[PDB]
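Reading the structure
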Amino acid sequence: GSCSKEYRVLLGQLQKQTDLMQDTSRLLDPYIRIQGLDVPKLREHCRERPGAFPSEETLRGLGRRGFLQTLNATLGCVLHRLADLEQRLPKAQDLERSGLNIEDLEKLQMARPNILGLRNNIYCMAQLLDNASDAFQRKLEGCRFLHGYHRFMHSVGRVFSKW
């Protein structure tokens, strides 16, 4: 929350956190598992949705404050989509009977707190700058959405590494 800040330390925190969030084993994979999508043929159908997320090229074209603003607005949309996905996710009390893993649900529950933490650091940095479908189909969209989110964070970590 608080904004204890020396520019280089904060930037180090942002580089570290964003480079970590690109890792598909943290959200996308447990998601595929807990929704029963972990079968080879279905997996290939979990690819990013073209235009769902800003390209690395658009992100690089932005300029410092613009980058933070676009990043922050996107994470906003992500938190909302995530809140929606989470409500439709199997409930902890039904996992055993359905043969699912509580560890996958626990990993998935870190998504929101992690993103809020990143958003807080983004605001602190901004302060340092001088200025339809059935249920089956919906699970697949969740798939594609998370895949796009991880690729997006990858692009984001790349822009930060050159800060």
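Residues numbered from 1 in each chain as written, not as in the entry; some residues may be left out. Heavy atoms only, no water.

X-ray crystallography is the method the PDB entry states for this structure, with the resolution given as 2.2 Å.

**Things to note about the environment of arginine 112**
We apply this condition: Strands here are runs of E lasting at least two residues and helices are runs of H or I lasting at least four, both read from the DSSP assignment and numbered beginning at the N terminus.
Among the structural elements, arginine 112 can be located in helix 7 (residues 102-128). Sequence-wise, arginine 112 and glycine 66 are 46 residues apart; in three dimensions their C-alpha atoms are separated by 23 Å.

**Points about the packing of helix 5 (residues 64-87) against helix 8 (residues 135-161)**
Here is the rule: Angles shown run from 0 to 180 degrees and are taken between the N-to-C directions of axes, each axis being a line fitted to C-alpha atoms and, for helices, limited to the stretch in contact. Any angle that falls under 35 degrees is termed roughly parallel, while one over 145 is termed roughly antiparallel, one within 65 to 115 roughly perpendicular, and all others oblique. Put simply, a crossing is left-handed when the front helix is turned counterclockwise from the back one by less than a right angle, and right-handed when it is turned clockwise. In this analysis, two residues are considered to be in contact whenever any of their non-hydrogen atoms come within 4.5 Å of each other. Classes in brief: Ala, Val, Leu, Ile, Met, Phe, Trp, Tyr, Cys and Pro nonpolar; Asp, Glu, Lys and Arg charged; the others, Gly included, polar.
Relative to each other, helix 5 and helix 8 sit at 155°, their axes nearing to 12 Å. Relative to helix 8, the element helix 5 is oriented roughly antiparallel. The element helix 5 and its partner helix 8 pack so that their crossing is left-handed. Residues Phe67, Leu68, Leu71, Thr74, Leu75, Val78, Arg81 and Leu85 of helix 5 touch helix 8, and the partners they reach there are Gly142, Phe145, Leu146, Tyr149, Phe152, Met153, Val156, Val159 and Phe160. Residues that form the contact of helix 5 with helix 8 fall into these classes: 14 nonpolar, 2 polar and 1 charged.

**Some details on helix 1 (residues 7-21)**
For clarity, the cut-off: By this rule, a helix spans an expected 1.5 Å times one less than how many residues it contains. Buried means the residue's accessible area, taken with a 1.4 Å probe over protein chains only, is under 20% of the maximum for its type, while exposed means over 50%, and partly exposed covers the values in between. Directions pointing from the helix axis toward each C-beta atom define the arc.
Spanning 15 residues, helix 1 covers 21 Å between terminal C-alpha atoms, matching the ideal 21 Å at 1.5 Å per step. When we look at burial in helix 1, the residues that qualify are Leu10, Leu11, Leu14, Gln17, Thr18 and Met21. Buried positions in helix 1, seen along its axis, are confined to an arc of 135° and lie on one side of it. Away from its buried face by more than 90 degrees, helix 1 exposes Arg8 and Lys16.

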